[PDB]
């Protein structure tokens, strides 16, 4: 069996949500359409949030599983306000490798830019140290 270790590192080039503030961003991770849904903290008033948060998500089938990453602005009267999202196929990560890179979030309709998000992703067997190359 395999575990998905995802470090939601940081994002940049976020849009200004509304005329007062910059952005109060957090990310949501979801495996497939399952109840494995995780949320980062909110970083207030910045276009360059750094979360550096690790999540450990059991995988069902590395050949077909998908990770959706949603970037949203904290609720200010209208529920969490969507910014952008990306759907990442798990089968593109070589097993055991710690893959650190940037992803281009697709802005939702009405949002002026989607931001870019840095994720460090490691698919490993149970018992392997998360975020270290699995020999």
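Positions refer to the first chain, counted from 1. Only the largest set of C-alpha atoms that superpose within 1.5 Å between the two forms is called the rigid core.
Asks: Once everything is fitted on the core, do the CA positions of 52 to 60 or those of 35 to 43 lie farther from the shown form in 6 other deposited structures of this protein?
Replies: Comparing 35 to 43 with 52 to 60, the one that moves more in 6 other deposited structures of this protein is 35 to 43.
Asks: Superpose by the rigid core and compare 118 to 126 with 16 to 24; which one moves more, by C-alpha RMS, in 6 other deposited structures of this protein?
Replies: Once the core is superposed, the stretch further away in 6 other deposited structures of this protein is 16 to 24.
Asks: Quick one: say whether 57 to 65 or 30 to 38 has the higher mean Cα B-factor in the deposited entry.
Replies: Per the PDB record, 57 to 65.
Asks: Hey, which bit's got the bigger mean C-alpha B factor in the entry, 43 to 51 or 99 to 107?
Replies: So the stretch with the higher mean C-alpha B-factor is 43 to 51.
Asks: Can you work out whether the C-alpha temperature factor of residue 128 puts it in the lowest, middle or highest third of the chain?
Replies: CA B-factor rank for residue 128: highest third.
Asks: Would the CA B-factor of residue 119 place it in the lowest, middle or highest third of its chain?
Replies: Lowest third of the chain for residue 119's C-alpha B-factor.
Asks: Based on the deposited C-alpha B factors for this chain, I'd like to know if residue 8 is in the lowest, middle or highest third.
Replies: Within its chain, residue 8 is a lowest-third residue by C-alpha B-factor, going by the deposited values.
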